[PDB]
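Chemist: these are from a larger complex, still in place; more later:
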Amino acid sequence: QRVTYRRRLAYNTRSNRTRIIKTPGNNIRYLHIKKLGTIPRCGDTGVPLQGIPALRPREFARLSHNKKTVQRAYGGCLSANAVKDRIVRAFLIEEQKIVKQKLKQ
Amino acid sequence: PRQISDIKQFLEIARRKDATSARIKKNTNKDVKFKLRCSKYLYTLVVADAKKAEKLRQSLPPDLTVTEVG
Amino acid sequence: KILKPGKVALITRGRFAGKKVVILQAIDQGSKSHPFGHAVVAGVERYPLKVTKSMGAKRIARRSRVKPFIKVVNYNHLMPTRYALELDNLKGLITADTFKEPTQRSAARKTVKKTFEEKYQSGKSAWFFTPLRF
Amino acid sequence: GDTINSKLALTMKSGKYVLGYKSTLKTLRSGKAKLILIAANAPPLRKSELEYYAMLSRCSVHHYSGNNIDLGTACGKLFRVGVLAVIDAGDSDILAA
């Protein structure tokens, strides 16, 4: 059969997103399902992170710290390649810093 | 609703003061479904043997309200 | 020849990423459980804090306390460095039995932590003891 | 220049060489890499990474004028090579050059 919106809001938009169900009473209805979550992304290079769920921030607040972080330095905010990039940079330019300071002294 | 498989834990949820009522269901496959109503979750236990169905029934504390086939 | 016992290196990945460790033993020849250039190295998971004279003795000891961690790392995953620390205690104390037995591993970690604390008190290997910012 | 390219071709034809970054890093760690060539178009981070390992392992480092494609064409392979190492020069005398 033919269904109607559950809410009083017509005009299917970015927030008026619906899904068909078959009820236990053999009736077809809409459930206004919500916008899907997106995994947070890397600030260093932009690739989305790995190992953490795709959610909206409000149900991020319900997650646990260990479901949230990646157990490493700069984790949860930088990716594996990003944290690799920081540490190799950290090493090579202090090598460069110490060699030039030996040159000047 | 949580599905509980370990018998003893279902006993210890029943002994917990949060438990209010338990339901006994007889299915067509001769499985009995012990459905314990708790505050947040409905814990269900499916035991296949009819006699473990019975020695479970009175091992439930008498204060808890058991209910026949719902 | 670049990898020898007592050579200080840095870890590139894992939980202890960007951490300075000392190569206790080299197994570059390979092993059944470790079929690569795995080297057992003990590093510091919590670098010692800045000790203040005005601070109490207990606070200074807590700040100087270093929690070590001994683990195997790949040659590719390890970054060699110029500095080297010839720790007598952290030389040959790591073996297959130490890695397998948990109690032996805990005892080895405690011994390594004690050696690191003694080195910090003596003021040796300052570069290795000081954490490196990324 | 041209003599270096000719020596590199002779080394690739006779001696042992690894035209790969991971292979060169392994050779540098083992200390068997006498000489290494780094493409000009290679990223500065990778170039410095190879330079630090070369200095630690006491290995000669030469910066090729051409890019990765030019280095691959000089090596004769069908794919561009950003870095290469020559463990043995064979008949070539590129170790001195």
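Modeler: Cool, the structure landed. Residues are numbered from 1 along each chain as shown, chains lettered A, B, ... in the order given.

Chemist: In contact with the residue nearest the centre of chain A, which residues?
Modeler: Chain A has residue A:39 as the residue nearest its centroid, 1.9 Å off, counting by Cα atoms, centre = their mean. If a contact means Cβ atoms under 8 Å, 6 or more residues apart in numbering or on different chains, then residue A:39 has A:48-50, A:52-54 as its contacts. The way it works is simple: take the backbone N, C-alpha and C, and place the C-beta from them, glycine included.

Chemist: out of the residues you listed, which touch chain D?
Modeler: With the criterion set as Cβ under 8 Å from any Cβ of the partner chain, no member of these is near chain D.

Chemist: Out of those, list just those in strands.
Modeler: Among these, the subset assigned to strands under DSSP state E is empty.

Chemist: which bits of chain A sit near chain C?
Modeler: A:71-74, A:80, A:83-84, A:86-91, A:94-95.

Chemist: Drop anything exposed from those residues.
Modeler: When these are checked for burial by 16 or more other Cβ atoms under 10 Å in any protein chain shown, the buried set is A:72-74, A:80, A:83-84, A:86-88, A:91, A:95.

Chemist: quick one, strands of chain C?
Modeler: Using DSSP E, strands in chain C cover C:7-11, C:20-27, C:38-46, C:67-73, C:78-84.

Chemist: And residue C:56, its phi and psi?
Modeler: phi -70, psi 170 (degrees, to the nearest 10).

Chemist: er, residue B:33 I mean
Modeler: Dihedral angles (degrees, to the nearest 10) for residue B:33: phi -110, psi 100.

Chemist: Surely it touches residue B:22?
Modeler: No. Judged on Cβ atoms under 8 Å, residue B:33 makes no contact with residue B:22 at a distance of 10.4 Å.

Chemist: Specify which residue of these two has the higher count of neighbours.
Modeler: Ranked by neighbour count (other Cβ atoms under 10 Å in any protein chain shown), residue B:33 and residue B:22 place residue B:22 first, with 22 against 17.

Chemist: nearest to residue C:39, of the contacts of residue A:39?
Modeler: residue A:50 (27.4 Å; Cβ to Cβ).

Chemist: Please verify my assumption that the closest one contacts residue A:81.
Modeler: No. Counting by Cβ under 8 Å, residue A:50 does not reach residue A:81; the two are 10.4 Å apart.

Chemist: Would you map the strands across chain A?
Modeler: Going by DSSP E, chain A shows strands at A:19-22, A:28-31.

Chemist: out of the ones you listed, nearest to residue A:2?
Modeler: Here strand A:28-31 is closest among the strands of chain A (Cβ to Cβ), at 8.3 Å.

Chemist: Kindly report the residues of chain D close to chain A.
Modeler: Going by Cβ under 8 Å from any Cβ, the residues of chain D near chain A are D:45, D:48-49, D:52.

Chemist: and residue A:81, what is it in contact with?
Modeler: Taking Cβ under 8 Å, 6+ apart as the definition, contacts of residue A:81 comprise A:45, A:47.

Chemist: With residue B:39 instead?
Modeler: The neighbourhood of residue B:39, defined by Cβ under 8 Å, 6+ apart, consists of residue B:18.

Chemist: let's put RNA strand E on the structure above:
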RNA sequence: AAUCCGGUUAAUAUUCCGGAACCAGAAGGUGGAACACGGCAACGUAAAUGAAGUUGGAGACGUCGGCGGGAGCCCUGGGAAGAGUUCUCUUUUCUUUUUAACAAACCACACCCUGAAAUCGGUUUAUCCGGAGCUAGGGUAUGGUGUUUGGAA
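Modeler: RNA strand E added:
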């Protein structure tokens, strides 16, 4: 930030009823937890101190095309119930045959480890990947998914 199913009225239903869940805030009690560990690693756990200060991400986003998946509708076989047809042939014709939110476990695009490739290999419907590591093997994570159950007959 957060609700679904069934029923109820002459007139109200995601609001009332019965059942089953979710979110936010607030304090405590009991038990377990001890400035924690195990995995070389892609990580993981019931816990796994964080005063100030510093920092980033999600939220936070255009348009077209193809591909594959799912859900509902449509088509359809076997079976079951009811109704129509009949001397004849028709195991016929028509109607009905349902499983919500919410939970639990299990369960492949990206990454890593071993590996070091050309004899160039893998490989998209639509030739891209690779000396910035190939094929292969083994893991890692987002797991609408369905694989069963709860709800729930």
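
Chemist: I'd like to know how far the residue nearest to the centre of chain A sits from residue A:56.
Modeler: 11 Å (Cβ to Cβ, to the nearest Å).

Chemist: which neighbours do these two share?
Modeler: In contact with both residue A:39 and residue A:56: no residue, using Cβ under 8 Å, 6+ apart.

Chemist: count of residues packed around the nearest residue to residue A:59 once chain neighbours are set aside?
Modeler: Of all residues not flanking residue A:59 in the chain, residue A:37 sits nearest, at 7.5 Å (Cβ to Cβ, 6 or more residues apart in numbering or on different chains). When neighbours are counted by other Cβ under 10 Å, residue A:37 registers 14.

Chemist: hang on, residue A:37 packs against residue A:53?
Modeler: Yes. Taking Cβ under 8 Å as the definition, residue A:37 is a contact partner of residue A:53 at 6.9 Å.

Chemist: Stretch C:47-56 vs chain A: in contact?
Modeler: No. Using Cβ under 8 Å from any Cβ, stretch C:47-56 stays clear of chain A, coming no nearer than 11.8 Å.

Chemist: Next, the buried residues of that stretch.
Modeler: By 16+ other Cβ under 10 Å, the buried positions in stretch C:47-56 come out as C:47-48.

Chemist: Now tell me what touches it from outside.
Modeler: With Cβ under 8 Å, 6+ apart as the criterion, stretch C:47-56 contacts C:59-60, C:63-66, C:120, C:129-131.

Chemist: Next up, the contacts around residue 89.
Modeler: With no chain named, the answer covers chain A. Per Cβ under 8 Å, 6+ apart, neighbours of residue A:89: C:134, D:45.

Chemist: The intended chain is chain D.
Modeler: D:7, D:10-11, D:14-15, D:34-35, D:95.

Chemist: Quickly note the distance from the residue nearest to residue A:59 to chain D.
Modeler: 34 Å (Cβ to the nearest Cβ, to the nearest Å).

Chemist: Distance-wise, check that residue relative to RNA strand E.
Modeler: 7 Å (Cβ to the nearest atom of the strand, to the nearest Å).

Chemist: From residue A:82, how far out is that residue?
Modeler: 22 Å.

Chemist: For residue C:90, which non-adjacent residue is spatially closest?
Modeler: Per Cβ to Cβ, 6+ apart, closest to residue C:90 is residue C:24, 5.1 Å.

Chemist: count of residues packed around that neighbour?
Modeler: The number of residues packed near residue C:24 is 24, by other Cβ under 10 Å.

Chemist: pretty sure it contacts residue C:91?
Modeler: Yes. Assessed by Cβ under 8 Å, residue C:24 is found in contact with residue C:91 at 6.5 Å.

Chemist: Can you name the residues of chain C sitting close to chain D?
Modeler: Going by Cβ under 8 Å from any Cβ, the residues of chain C near chain D are C:1-3, C:28, C:37, C:75-76, C:80, C:82.

Chemist: which residues touch residue B:61?
Modeler: Here residue B:61 is in contact with B:14-15 (criterion: Cβ under 8 Å, 6+ apart).

Chemist: if you set the cut-off to 10 Å instead, what comes out?
Modeler: B:11, B:14-15, B:19, B:22 (Cβ atoms under 10 Å, 6 or more residues apart in numbering or on different chains).
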